[PDB]
Amino acid sequence: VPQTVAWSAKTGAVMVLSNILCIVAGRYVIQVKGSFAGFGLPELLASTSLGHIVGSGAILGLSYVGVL
Amino acid sequence: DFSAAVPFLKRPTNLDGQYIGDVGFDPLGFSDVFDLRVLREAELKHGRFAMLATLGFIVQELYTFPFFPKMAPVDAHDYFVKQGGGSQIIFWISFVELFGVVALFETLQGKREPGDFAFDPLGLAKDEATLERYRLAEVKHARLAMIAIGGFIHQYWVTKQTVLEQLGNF
Amino acid sequence: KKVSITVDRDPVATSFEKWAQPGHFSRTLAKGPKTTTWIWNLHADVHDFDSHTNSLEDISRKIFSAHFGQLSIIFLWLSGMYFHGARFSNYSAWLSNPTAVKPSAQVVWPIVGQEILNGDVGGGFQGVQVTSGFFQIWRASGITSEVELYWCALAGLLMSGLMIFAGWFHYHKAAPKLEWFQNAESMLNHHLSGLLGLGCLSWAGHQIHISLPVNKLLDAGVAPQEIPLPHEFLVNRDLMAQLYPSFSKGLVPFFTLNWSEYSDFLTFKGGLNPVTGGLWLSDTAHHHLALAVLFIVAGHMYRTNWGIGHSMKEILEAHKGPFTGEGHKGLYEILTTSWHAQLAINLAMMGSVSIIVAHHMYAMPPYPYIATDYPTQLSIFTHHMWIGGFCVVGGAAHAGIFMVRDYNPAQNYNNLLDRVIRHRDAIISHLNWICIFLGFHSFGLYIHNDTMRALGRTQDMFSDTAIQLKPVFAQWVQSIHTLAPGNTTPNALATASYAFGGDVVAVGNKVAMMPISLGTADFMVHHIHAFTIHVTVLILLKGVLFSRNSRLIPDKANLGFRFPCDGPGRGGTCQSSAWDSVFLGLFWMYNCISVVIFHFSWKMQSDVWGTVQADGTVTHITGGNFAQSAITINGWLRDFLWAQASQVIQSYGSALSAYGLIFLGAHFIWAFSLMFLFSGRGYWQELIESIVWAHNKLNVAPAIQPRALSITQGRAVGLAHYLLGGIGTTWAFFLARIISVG
Amino acid sequence: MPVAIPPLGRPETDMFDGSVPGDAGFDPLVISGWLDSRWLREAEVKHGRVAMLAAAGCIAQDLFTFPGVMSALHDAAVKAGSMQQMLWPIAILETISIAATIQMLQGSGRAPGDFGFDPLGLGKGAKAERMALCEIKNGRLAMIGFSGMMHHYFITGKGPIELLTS
Amino acid sequence: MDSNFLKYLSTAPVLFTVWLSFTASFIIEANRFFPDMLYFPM
Ligand code: CLA
Ligand code: CLA
Ligand code: CLA
Ligand code: CLA
Ligand SMILES: CC1=C(C#C/C(C)=C/C=C\C(C)=C\C=C\C=C(C)\C=C\C=C(/C)C#CC2=C(C)C[C@@H](O)CC2(C)C)C(C)(C)C[C@H](O)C1
Ligand SMILES: CC1=C(C#C/C(C)=C/C=C/C(C)=C/C=C/C=C(C)/C=C/C=C(C)/C=C/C2=C(C)CCCC2(C)C)C(C)(C)C[C@H](O)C1
Ligand SMILES: CC1=C(C/C=C(\C)CCC[C@H](C)CCC[C@H](C)CCCC(C)C)C(=O)c2ccccc2C1=O
Ligand code: SF4
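Protein chains in written order, with the deposited numbering: chain K, 10 to 42, 52 to 86; chain c, 43 to 212; chain A, 11 to 189, 192 to 754; chain d, 38 to 106, 116 to 212; chain J, 1 to 42.
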C-alpha cells in the first residue's frame with residue numbers, strides 16, 4: 010500500500026498552493042465568464067474544485083514518492 | 043387564494059368546496075392529476091371499512107358469538123382464513139363490489155354522487171341541511187376511523203393487548 | 011437562462027377514442043383496411059414516429075414517454091425476478107450449500123405430465139434450473155433471506171408504477187418542449205455525474221457498508237440466519253470495526269487525504285477470492301468508488317448556464333486537418349437534430365459494451381460461486397454476446413435510416429460525412445479485398461487441414477504437431493499480464509485474471525479459473541472471428557454508404573430506407589435498399605456470434621472447466637480435445653457438434669426434456685423460415701387467388717382482401733424465424749449440455 | 038442603505054432592495070446573485086429558528102430536566127427510540143414545508159419564513175417587520191451561540207452555562 | 001363503461017387473445033380433471 014500521511018501543516022500548504030494556482034489559472038484560461055473584475059462565484063467554485071482535485075493528486079503523489 | 047386548513051399553502055384549484063369536508067388540504071397535488079370523483083369514492087369506501095373495523099374491534103372483543111371459538115381479532119383473520127368464514131365474507135364483499143364497479147361507472151358519467159349509494163332505509167336525513175350536516179359528520183368519522191383502525195392494529199402488534207385492556211393499564 | 015425548463019401543459023387529452031381507431035397515427039393507415047397488407051403495415055410503422063409527423067418536438071415527446079414505458083416494463087420484469095426468487099426458489103438452501111444446490115426459481119404446475127420439468131435441484135427442492143445468475147447477484151448484495159427478496163420485489167413494482175405514471179405525466183400532462193430536449197451539454201453533465209457518478213458512489217456505499225461485512229461473514233462460515241441484519245452493520249460501528257478495523261477511525265482519513273488507512277476494505281488485491289471463486293468485493297468497492305469520482309469529474313466538463321465549461325460545437329469544429337477538409341463541423345447539428353444518428357451511435361456503443369461485458373465477465377468472475385456455476389457462465393456469456401451483436405447491427409440500421417431521411421447535403425458540405433460518401437468506392441473496395449483475403453487465409457486453412465487429415469498427411473497440416481501457426485502476439489500479451497503484478501502494477505497482489513497465466517483457482521473441486529493457453533487452433537479461430545466481423549462491417553457499411561444513391565440507382569434516397577427493389581431492370585435491382593443490407597448483415601452477425609459462442613463453449617469445456625482431484629490434476633469436461641480437433645471442420649462437426657449434442661437428444665424422460673422439445677421446435681422454425689427466404693411473393697399471391705376462389709364459391713370471401721406478404725415483409729419474416737430457430741437451437745443445445753455435464 | 042464593508046459596496050441583486058428584513062449590505066461572495074432570493078431567505082430563517090430552539094434547549098436542559106430518566119443525548123435517545131419519535135412529526139411538517147417552498151418558488155404569495163402562524167396576535171400591524179428584524183438578528187446570533195456550545199462541549203464534555211458558572 | 005374502451009376491447013387482437021386463452025383454459029381444465037384421454041370410452 011502506498012504511504013499516505015496524517016494531516017499536517019504541509020498538507021494544508023500544498024492544498025492552499027494548489028487552490029491559489031488553480032484560481033490564477035482559471036482567471037487566465039476560462040474563456041466565457052482590474053484582473054479580478056468579472057470574477058464570480060461559479061468561477062471561484064470551479065477554480066477551488068480544481069484546486070482540491072490538483073491538491074489531492076499532488077498530496078497523494080508526494081506522499082507516494084517520499085516528499086510527504 | 044390560500045388553503046383554509048393550511049394557511050401558508052395555496053388552495054388546490056380543483057378543491058373549490060363542492061365536496062363536503064373540503065378544507066383545501068392536498069399538498070401532494072393528487073387532485074391536480076387524478077379525478078376527484080374517484081378519489082372521493084375511494085375516501086368514503088376506505089373510511090366506511092375503517093369505521094366498521096373499529097366498531098368490530100370494540101364489540102367483537104366485548105362479545106363473541108357462541109358458535110365460534112374465542113380469540114383476538116388479528117388472530118381471527120388467520121383463523122377464518124382456514125375455517126372458511128373469511129372466504130365467505132370476501133366473496134360477498136366482492137359480489138357487492140361488482141355493483142360498486144357499476145356505481146363508479148355511473149359516478150364517472152356524472153349521474154351519481156361519489157358516495158351516494160341511496161342507502162337510507164331508516165330515513166335519518168329528512169331535508170337538505172341535515173344531509174350536509176350528516177355528510178360532514180360521515181367524512182370526519184371516516185378519516186378519524188381510518189387513523190384509529192391503524193392505531194388499533196399496530197398497537198396490538200406491539201403490546202399484544204386489545205384496546206380496552208390497554209386502556210386499563212398504560 | 012440558456013439551459014432552462016420549458017413545458018407545455020396538457021398537450022394531449024387522455025382519452026380512449028384513438029384506442030378504438032387503429033392506424034390513427036398515420037394518415038395513410040387511418041382510412042382503414044382494404045387489404046390484409048394494411049394490418050401488417052399497422053404493426054410495422056407504429057413506433058416509427060418521424061414518418062407520422064414532421065414536428066421534432068412531438069417526436070421527442072413520444073420518444074421520452076416510450077422510454078419511460080420501457081423502464082416500467084424493465085422494472086416489472088426485475089420485480090418479477092425478485093418475487094419468483096422470494097416465493098418459488100431454493101435460495102436459502104443455496105445460501106447454505108452453494109457448491110451442491112443447483113439454482114432454481116421456476117416451478118411448473120402439473121397438467122399434462124409437464125411436472126417432470128420440476129427436477130431434483132437440491133436443497134429439498136424441485137423446479138426448473140435457472141441460469142440467469144440472480145442467486146449469485148443476491149449473495150453478492152448481501153441478501154440472506156427471502157423477506158429481503160419480497161421487499162426488493164415490492165420496490166421493483168413501485169418503481170414500475172412510478173415509471174408508467176411518469177410516462178403518462180410527461181406525455182399527456184406536462185410535455186417538455188424541443189428546447192428542453194436540445195441540451196446535449198446539460199444532459200451529458202447530469203447523466204455522467206448524477207446517473208453514472210452518483211450511482212457508482214451509492215453502490216460503492218452499499219458495497220462497503222452492507223455487501224462486504226455480510227459476505228465476509230458468509231465466507232468465514234457463518235450461517236445466513238446468524239448474520240446480523242444490514243442496519244445493524246450501519247449503526248454498530250464496533251461490529252463493523254471487528255471485521256475492518258479502519259472503521260474505528262471514521263471519516264477523518266477520507267477528508268484529510270490519509271486514504272491508506274482505508275486499505276483493509278478498499279484493496280487492490282486482484283485475482284479471485286479462494287473461498288468463493290469470485291472477485292474480491294473490496295476490489296469492487298474501490299473500483300466503483302474510483303469510477304464514481306472519475307464520472308463526477310467528467311460530468312463537469314460541458315458548458316451550462318454558468319460560464320465555465322466546454323462547448324461541444326467548438327470542440328468539434330476545432331478538430332480539422334489537411335486530409336479532412338472542414339473536419340468535424342456540422343456533426344453537432346446532426347446529433348442534436350436527428351434522433352436516428354443518436355440511436356445509431358448509442359446502439360453501436362451498447363452492443364460493443366455488451367460484448368465487452370461477456371468477455372470480461374467470463375474471464376474475471378465478479379460474483380461469489382458464479383465461476384463454478386458453469387451453466388450460469390455459459391448462459392450469460394452467450395446472452396450478452398447475442399444482445400451485443402443485435403445492438404451493433406441496429407446501430408448500423410439506424411445509421412442508414414439517418415442517411416436516407418435526415419441527411420442534408422447543404423449542411424454537410426466538405427465535412428467528414430461528405431468525404432466518406434465521396435470515397436465510399438475506395439472504402440468498400442478495400443474492405444471487400446480484405447474480406448476475401450481473410451476468408452481465404454482463415455477458412456482455407458481449415459479446408460486445407462480437412463484435406464490433409466483426410467489424405468493421411470498429418471505432417472502437412474496446420475497444427476501444433478505440424479506446420480505451426482503460433483499466436484505469438486497474444487501469448488506475449490498473456491506473458492506481460494502474468495508478469496504485471498509487482499512489475500507494471502506494483503501494488504497489485506495478483507493478476508487481473510488467471511486466464512492470462514498463474515495458478516488454478518478451484519472452488520469445491522471445480523475449476524473456477526485457470527490459464528487459457530493459445531495455440532494453432534486459437535490462432536485460426538481468432539482470425540475466423542476477424543473475418544466474420546470484417547464481412548459484417550462490409551455489408552452494413554456498404555448499405556449505409558450506398559443508401560442514398562449508387563451507380564446503379566442514382567435516386568435511391570427518393571425510394572426510401574426500406575423498399576424491395578427498383579424493378580427487374582438494370583439487370584435486376586433486388587435487395588438494393590439499406591434495409592436489405594441490414595437484413596443480410598443480421599445473417600452474418602448470426603454466423604459471427606454463433607462461431608464466437610461455439611469457440612467459447614468448446615474452449616472452456618476442453619481447457620478450463622473440469623474437476624480437480626488428487627495430486628492437483630484437472631480433468632476437463634472433454635479432456636483437452638480442442639488442440640487437435642478444432643483445427644478441422646470435421647473435428648468441429650464430430651467432437652463438438654456430434655459429441656455434445658448427446659445430452660439434448662437423450663433428454664427425453666428427464667427434467668431436461670424441455671430442452672429436447674425446444675431443440676426440435678427450433679430446428680422446425682429455422683426450416684420454416686426458408687420457405688419465406690427462398691420463395692417470392694407472386695407465387696403466394698396466385699395461390700391465394702385460387703384459395704380466394706374456393707372461399708368465393710361458398711360465399712365466405714372476406715371483406716378485407718387477403719394478400720401475400722410484401723417482399724420486404726417476406727424477407728423480414730424469413731429472417732425473424734431464421735434467427736429464432738438458430739438461436740433457439742443453440743440455446744437448447746448449450747443449456748442441456750452444460751446443465752448435464754457442468 | 039447599510040454598507041457592511043465600504044470598499045466592496047452593496048451588491049446589486051434582487052435582494053438588497055431594502056424590502057428584505059435584516060439586510061446589512063453583507064454578501065461578499067454575492068451568493069444572492071446565483072441562488073434564488075426566497076430560497077436563501079427560507080434557509081436562513083429555518084436555520085435561525087432551529088438554532089434558536091437549539092441554544093434555548095442547551096440552556097434549559099442544563100438548568101432542568103423533565104421527570105423520568116448534548117451529543118451523548120442524541121446517541122442515548124436514538125438508543126431509547128426518542129429521536130425517531132421526534133423525527134416523525136418534524137418529517138411530516140417538513141414534507142408540507144417542501145410543498146410550501148415549491149409553491150413559493152413557483153410564485154405564490156407566501157413570503158419566505160411566513161407560515162401564517164400568529165395565535166397571540168403580536169405580529170399583526172406595524173410590529174412584525176421590526177419583529178422580523180429581531181427574529182433574523184436573534185436567528186443569526188443563535189447560529190453563532192449554539193456553534194460555541196457544541197464545540198466547547200467537544201473540548202470539555204460540559205454544558206455552556208455549567209461551563210460558565212464553574 | 002366507456003364505449004370507446006369497449007370498442008378497443010372488441011378489436012381483433014384483444015378478442016383473439018381472450019378467446020384463445022379461454023379455449024386453452026377449457027382444454028387445460030378438461031385435461032386437469034379428466035387426464036390421459038387417448039380414446040373415447042365406449
Ligand atoms: C506533485 C505532483 C504529483 C506527483 C509527484 C504525482 C505522482 C504520481 N501520481 Mg499523480 N496526480 C497529480 C500530481 C502528482 N502525481 C495531479 C495534480 C493529479 C490530478 C488529480 C494526479 C492524478 C493521479 C491519478 C489519477 C493517479 C496518479 C498516480 C500517481 C503515481 C503514478 C505511478 C506510475 O508510475 O504511474 C503509472 C504509469 C503508467 C504508464 C500506467 C498507465 C496508466 C493507464 C492504465 C494507461 C492509460 C493511458 C491510455 C492507454 C491512453 C493512452 C493512449 C493515447 C495515445 C491516447 C505517482 C506516484 C496513480 C497512482 O496513485 O497509482 C498508485 C494514479 O492512479 N496521479
Ligand atoms: C441527475 C439527474 C439525472 C438522472 C439521474 C437521469 C437519469 C436518467 N435519464 Mg435523464 N436527464 C437529465 C437528468 C438526469 N437524468 C436532465 C437534466 C435532462 C435534460 C437535459 C435529461 C434528459 C433525459 C432524456 C431526454 C432521457 C433521459 C433518460 C434517462 C434515463 C436513462 C435510462 C437509464 O439508465 O435508466 C435506468 C437508471 C435508473 C437510475 C432507473 C431509475 C429511474 C429514476 C427516475 C431515477 C431517479 C433517481 C432520483 C433522482 C433520486 C432518488 C434515488 C434515491 C435517493 C431514493 C435515466 C433514468 C432517458 C429515459 O429513459 O427517459 C425515461 C431519456 O430518453 N434523460
Ligand atoms: C434501442 C433500440 C431500438 C429502437 C428504439 C428502435 C426504433 C426503431 N427502429 Mg430499430 N433496430 C434496433 C433497435 C432499435 N430500433 C435493432 C437492435 C435492430 C437490429 C435488428 C433494428 C433494426 C431496424 C430495422 C431494420 C428497422 C428499424 C426500424 C425502427 C423504427 C420503427 C420500429 C417499429 O415500428 O417497429 C414496430 C415493432 C415491431 C414490428 C415489433 C417487432 C417484433 C419482432 C420482429 C419479433 C420479436 C420476437 C420476440 C423477441 C421473440 C418471439 C419468440 C416467440 C414467438 C417464441 C424505430 C425508429 C424500422 C424503420 O422503418 O425505421 C425508420 C426498420 O426498417 N430498426
Ligand atoms: C457456406 C456458405 C457460404 C460461403 C462459402 C460463402 C462465401 C462467401 N460469401 Mg456468403 N453468404 C452465405 C453463405 C456462404 N457464403 C449465405 C447463406 C448468405 C445469406 C445472407 C450470404 C451472404 C453474403 C453477403 C451478403 C456477403 C457474402 C460474402 C461472401 C464472400 C466472403 C469472402 C471470402 O470469404 O472469400 C474467400 C472465399 C471463401 C471462403 C469461399 C470458399 C473457398 C475456399 C477457401 C476454398 C477455395 C478452393 C478453390 C476455389 C478450389 C478451386 C477448384 C476449381 C476446380 C474451381 C465469399 C464469396 C461477402 C462478399 O462477397 O464480399 C467479400 C458479402 O458481402 N455472403
Ligand atoms: C410566531 C409567534 C410566536 C412565537 C414564538 C417563539 C417560539 C418564540 C421564540 C423565542 C426565542 C427562541 C427567542 C430567542 C432566543 C435566542 C437565543 C437562544 C440565541 C442565542 C443564545 C445565546 C448565544 C446564549 C447564551 C449563553 C447563556 C445565557 C448561558 C450559557 O449557555 C453561555 C452563553 C453565553 C452562550 C407565538 C406563539 C409566541 C405567538 C406570537 O404572536 C408569534
Ligand atoms: C397484514 C395483516 C393485517 C393488517 C393490517 C392493517 C390494516 C395494518 C395497518 C393499516 C393502516 C391503515 C395503518 C395506518 C393508519 C393510519 C395512520 C398512520 C394515520 C396517521 C395520521 C396522521 C399522522 C395525521 C396527521 C395530521 C394531523 C395530526 C392533523 C392535520 C392533518 C395531518 C397532517 C394529516 C390483518 C390483521 C388485517 C390481516 C393479516 O392477518 C395480517
Ligand atoms: C408462405 C409465404 C407467404 C404466405 C404467408 C401468408 C400470406 C401470411 C399468413 C399470416 C397468417 C394469416 C397470420 C397468422 C397465422 C396463424 C398461424 C393462424 C391464422 C390466424 C387467423 C385468425 C388469421 C407469403 O405471403 C410470402 C411473401 C413473400 C415471400 C415469401 C412468402 C411466403 O413464403
Ligand atoms: S424479383 Fe421481386 S425484388 Fe426482384 S426486381 Fe422483381 S419484384 Fe423486385
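Even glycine gets a Cβ: it sits at the ideal position worked out from N, Cα and C.
Closer than 7 Å at the beta carbon, the chain d residues around residue i
i: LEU26(K); result: Going along chain d, no residue has its Cβ under 7 Å from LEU26(K), so there is no contact; the nearest lies around 22 Å.
i: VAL48(c); result: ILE142
Buried versus exposed call for residue i [16 or more other C-beta atoms within 10 Å across all chains shown]
i: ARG75(d); result: buried
i: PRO378(A); result: buried
i: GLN151(c); result: exposed
i: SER193(d); result: exposed
Within chain K, partners of residue i - CB distance below 7 Å
i: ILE207(d); result: Neighbours of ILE207(d) on chain K: none; closest Cβ ~33 Å, over 7 Å.
i: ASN499(A); result: Those do not exist, as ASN499(A) stays about 16 Å from chain K at its closest Cβ, beyond 7 Å.
Inter-residue Cα distance where the pair is residue i and residue j
i: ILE479(A); j: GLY456(A); result: 15 Å
i: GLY635(A); j: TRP648(A); result: 15 Å
i: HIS94(A); j: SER752(A); result: 24 Å
i: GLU140(d); j: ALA146(d); result: 9 Å
i: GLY572(A); j: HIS707(A); result: 37 Å
Residue i beta carbon near ligand 5 (any heavy atom closer than 6 Å)
i: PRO158(d); result: no
Distance between beta carbons of residue j and residue i, contact taken as under 8 Å
i: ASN646(A); j: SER618(A); result: Between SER618(A) and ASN646(A) the Cβ distance is about 16 Å, and since that is not below 8 Å, they are no contact.
i: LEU557(A); j: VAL432(A); result: 7 Å
Proximity test, residue i beta-carbon vs ligand 3 heavy atom, cut-off 6 Å
i: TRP591(A); result: yes
i: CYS403(A); result: yes
Check: residue i C-beta below 6 Å from any heavy atom of ligand 1
i: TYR602(A); result: no
Where residue i meets chain K, residues with beta-carbon distance less than 8 Å
i: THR268(A); result: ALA15, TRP16 and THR20
beta-carbon residue i near ligand 6 non-hydrogen atom, thresh 6 Å
i: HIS707(A); result: no
i: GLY192(c); result: yes
Ligand 8 heavy atom lying under 6 Å from the CB of residue i
i: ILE605(A); result: no
i: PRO21(A); result: no
Where residue i meets chain c, residues with beta-carbon distance less than 7 Å
i: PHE161(d); result: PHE50
i: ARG156(d); result: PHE50
i: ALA146(d); result: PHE50 and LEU51
Ligand 2 heavy atom lying under 6 Å from the CB of residue i
i: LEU207(A); result: yes
i: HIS322(A); result: no
Chain c residues whose Cβ lies nearer than 8 Å to that of residue i
i: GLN149(d); result: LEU51 and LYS52
Any non-hydrogen atom of ligand 7 closer than 6 Å to residue i Cβ
i: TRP696(A); result: yes
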